[PDB]
Each structure stands twice: as C-alpha cells, then as structure tokens.
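One structure is given below, encoded as structure tokens.
There are 2 protein chains.
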Amino acid sequence: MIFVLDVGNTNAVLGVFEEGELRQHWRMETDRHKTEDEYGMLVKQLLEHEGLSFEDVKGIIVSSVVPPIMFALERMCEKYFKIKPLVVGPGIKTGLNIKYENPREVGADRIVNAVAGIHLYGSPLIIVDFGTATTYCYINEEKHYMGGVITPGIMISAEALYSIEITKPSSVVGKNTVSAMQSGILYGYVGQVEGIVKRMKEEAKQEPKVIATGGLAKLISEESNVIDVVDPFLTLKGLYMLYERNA
Amino acid sequence: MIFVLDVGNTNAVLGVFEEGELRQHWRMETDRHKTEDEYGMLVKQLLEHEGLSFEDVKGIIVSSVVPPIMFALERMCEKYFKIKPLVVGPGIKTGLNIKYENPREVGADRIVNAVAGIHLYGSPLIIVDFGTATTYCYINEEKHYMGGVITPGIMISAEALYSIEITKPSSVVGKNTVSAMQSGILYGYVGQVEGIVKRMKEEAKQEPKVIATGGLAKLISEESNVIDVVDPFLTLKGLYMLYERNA
C-alpha cells in the first residue's frame, strides 16, 4: 500500500492507497511540537484501527509547506516504515505543462491538484482549493496550467474579523452582530467564488468544468452552483499519481 | 464654520462646513504618537492654507474608534479653538430608528452614515462602507436601521495575503504570482460586494438604492454596477447633521 501525507501550516491529511484506490484518510492539526517517535506512535495507532501494520506500507510520498517538521516526518518514515519518502519538491516529475511565467512559485499542491484534476476530470478546468489561502487555478483545453487567482482563506479572513464555526445565519441582513459577521463571511465568500469563477470562465476558450477541494468546499457548493464537483481527496489522489510516476 | 473629525484606527478625515456645505476636507494617518500641541499646529497649517483661522470655527464634532487619542484631540480643541467638542457616543441624539437587536454595538459611523444616507438619498437603502472592515447596512422603507453584514476590509484582507496598491491586473487569470494576487483581491472583493448586495436586495420589500463610501469605493464601483452612488463624504455630512441636531 502507498501512504500519502499532505502537511499544511494548520492541518495535515494522511491517506493509504490500496490497489490504486484510497482506502482510508485521516485529518489532524499540524503539530510543530511533535517528535518523530510521537508521529510513529500516532501513525501506528491509525494503522492498527484500520486493520493495517507498518509492513503494509511499501511506499510513501509527502507534500508539506512546513520545513520545521520535515526532518521529523522523514525520520519517522525511515524508522517505522523503513522507507525514505518521496518529497514533492523542485525536481519531482509531474507530467504537467506549466505556462505560468512563475512555474517555481506555484504551490506544490496546486501542481498535485492539477495533475489529479486533469486525469480525473479532463480539461479545460478551474480548480478551487479552499485552504489556508483560497486558490483558483485555470488549466486550458490543451491541459496547460495557465495560472489563476489567490485570495485569503475562509478561516484566515474569518479570524481577522472575529478577533469559529462558519455558520449559515437565519438571514443575510443580520439582526445582530454575530449574525452580521456570519452573513459576511459566508455570503461574502460565496460572492467572491462566484465572481472570480465567472470572470475566469469569460476568459476561457472552451467552457471549463469547475472542481473544488478543501475542508470548506462543501459549505460553498451548498450555497452556489458555480462548483460542478467537490472532490475532498483531490490532493491525496494527485500525490498517489505522483508517487506512481516517480516510482 | 463647523469642524468635523472622523478618526479611524488607521486614518483620520477632517472637514470644515461653511453655511451647511462641506468647504474642505483633509485626510491623514491616525497618529498615536502625536500630542495635543502637534495636532493644534497641524490643524493651524491646514486652516491657513485654506484661508481660515481657528476663530472661523464655532463648533466641533468628533467621531473616533481610538480612545488613546481622544484625550489629546479634546485638549487640542479646548486649547486652540477654545471649544469642547461634541463626541459621537452613547447618548448623542441622531433621529435614527434602530430595529437591530444590538443598537449599542452598532459602529458610531454606521449610525452617522445612515442619518446622512436617509437624509440625502431616501429609503430603503443599502449603505456600503469600505473602511477597516467593509460594512453593509440595510435601512428599510420606513427609514428603520435593520442591521446588515460585516466583512474584512479591503486592506486588511490584502495585507493578510501579501504578508500595497489595489491594482487592476491585465487579466483575471494571473500569468504570474503578483498578477494572481491582484486579481484575487480586486475581483474577489467585487464578487463579495455583488453577492452580498444582491442577497440583501432579495430580502428587501422595496428595491433599495445602494450607496457606498470609503477610500476604495471608487475602485469597486468602477468594476460593478451594484453601487448606485459613491459618496466619499457621507460620514462628514452625517457628522455635520449630528452637530446641528445636538447644538
């Protein structure tokens, strides 16, 4: 089985693929305090409750935006799995044609998401990833990664305000402060996504399918039709594709 | 003449009204370091270059969200103008019917803006104020302040990202990082405003005129039709109305 790890500033998502299918996934807060042995012990527990052992895992790929924890995760992989993981970084092969002027500044997971999205959903595509930032990538009808749009993420924008559950209020016009802020975050974000996506489609030669991922993709897609498919595991699936290409 | 002062966390706007009309306005960064005498000396200079003296000013009203500078501004008014200013606060009379459940938690300038907007533009109204936060207030067809919507302000959201000039990029799909972020802030914000305003109008009995104010109102209104009137001096005009009612 192949173990994938997508580590964010705030959250990590783990998954195990068996015969090219996602067997199980797990989500957690990124912990800069945790040691290689405490990662190994937590992973042991996740595997055990899934009916798996370390031995079941034959390959590992990690994508991370947190250098201060890479050393420990790599050491945990080497110690518990006896495997040196593949790290998504400069010089990993992806098969992705990047026409963006800044290919090296493209987030690793935008690349991963584009590889998965094109393989799973075709082209042209708009990919919306609601994470720490909300990104919108545009892949053209020749499967070229053209670039896109970056905005503040739902939680980071909600924190800068409330300074948290993204709840639907009983009305848009908030009859009270909490209600006004709930409306603002939710409907403001929906309006943001609708507006950007409509403008990106306007610039497009062929009309693209819109796919979204990230924890809060579902909330947004419940409120709008602008998103065609929510795929919560796009990045995991992409990292699995990358592992296979690079094995 | 009547001197008005609207002091924000980040910016202050001053104005002088002569025969009920705004004669001149001045904008500046709020300075927590400045003393009462350095405020008096700066005001002296602004008046001189306008052809005015301290003596010309017979009344003063101040609205402020920065308590640490009120003492100095009040002392400057008392010393240079020989006037104790009216302060927008609990117990100032406004003539505004507030149906919002949290009347006391309504920003002073939302009240000021509503008083000015209703007097100058009628009802029902949607008032959009692009400041530190972007607020959307809804006044119903009986001129009642119903509440509204609060979102992160253009600059605070742009800072949390870039961490600045809000520029129109050459395309929505940014061909490069800076371009992607420019698109995101600008078109994301436009989409946010369009979406919220359309939802607020949907809840409205009569169809409201939409008025906007704040430094960046013009940028947004250039990009959308959702705003009927940009009135850059709504708050100044409101504070003038409040001074007159309370004199």
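Residue numbers (the deposited numbering), protein chains in the order written: chain X, 1 to 163, 171 to 254; chain X', 1 to 163, 171 to 254. A prime marks a further copy of an entry chain.
Every residue gets a Cβ at the ideal spot worked out from N, C-alpha and C, and that includes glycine.
message: Between which residues of its own chain and X':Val88 is the CB-CB distance below 6 Å, once the five residues before and five after are set aside?
response: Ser63 and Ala108
- prompt: How big is the Cα-Cα spacing for X:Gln24 and X:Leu120?
  reply: 19 Å
X:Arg27 - partner residues in DSSP beta bridges: X:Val13
query: Whose CA, out of X':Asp37, X':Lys175 and X':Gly117, lies closest to the CA of X':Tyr138?
result: X':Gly117
Residues bridged to X:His144 [DSSP beta-bridge criterion]: X:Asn97
- prompt: Which same chain residues, not among the five before or five after X':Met28, have their C-beta less than 6 Å away from its C-beta?
  reply: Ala12
message: Since X':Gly198 and X:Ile203 should fall inside the 8 Å C-beta cutoff, what is the C-beta to C-beta distance between them, to a whole number of angstroms?
response: Between X:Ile203 and X':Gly198 the Cβ distance is about 6 Å, and since that is below 8 Å, they are a contact.
query: Under 9 Å Cβ-Cβ, which residues of chain X neighbour X':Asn113?
result: Going along chain X, no residue has its Cβ under 9 Å from X':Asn113, so there is no contact; the nearest lies around 15 Å.
query: Is there contact between the stretch 149-160 of chain X and the stretch 182-199 of chain X', where contact requires at least three CB pairs shorter than 8 Å?
result: yes
- prompt: DSSP state of X':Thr184, grouped into three classes?
  reply: helix
message: With distance defined between alpha-carbon atoms, name the residue in X:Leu249, X:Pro124, X:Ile154 and X:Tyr136 nearest to X:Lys216.
response: X:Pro124
field: X:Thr134, enclosing alpha helix (DSSP H) - first and last residue
entry: In the DSSP assignment, X:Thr134 falls outside any alpha helix (DSSP H) and lies within the beta strand (DSSP E) extending over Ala133 to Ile139.
- request: Compare the C-beta of X:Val66 against all C-beta atoms of chain X' and say whether one is closer than 8 Å.
  value: no
message: Would X:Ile69 and X:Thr30 qualify as a contact pair, given that the criterion is a beta-carbon distance under 8 Å?
response: yes
query: In chain X', what lies closer than 8 Å to X:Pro90 by C-beta?
result: Per Cβ cutoff of 8 Å: no residues; X:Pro90 is ~16 Å from chain X' at best.
message: On the criterion of 16 or more Cβ atoms from any shown chain inside 10 Å, does X:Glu201 qualify as buried, or is it exposed?
response: Counting of Cβ neighbours within 10 angstroms places X:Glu201 among the buried residues, the total reaching 16 or more.
message: Check whether the stretch 221-235 of chain X and the stretch 33-41 of chain X' touch, using three or more Cβ-Cβ pairs below 8 Å as the test.
response: no
message: Could you tell me the alpha carbon to alpha carbon distance between X:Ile173 and X:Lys143, rounded to whole angstroms?
response: 34 Å
task: Name, in chain order, the residues that DSSP records as bridge partners for X':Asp129.
output: X':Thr135 and X':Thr220
task: Would you mind working out which of X:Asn140, X:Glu141, X:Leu42 and X:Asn113 sits nearest X:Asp129, comparing C-alpha positions?
output: X:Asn113
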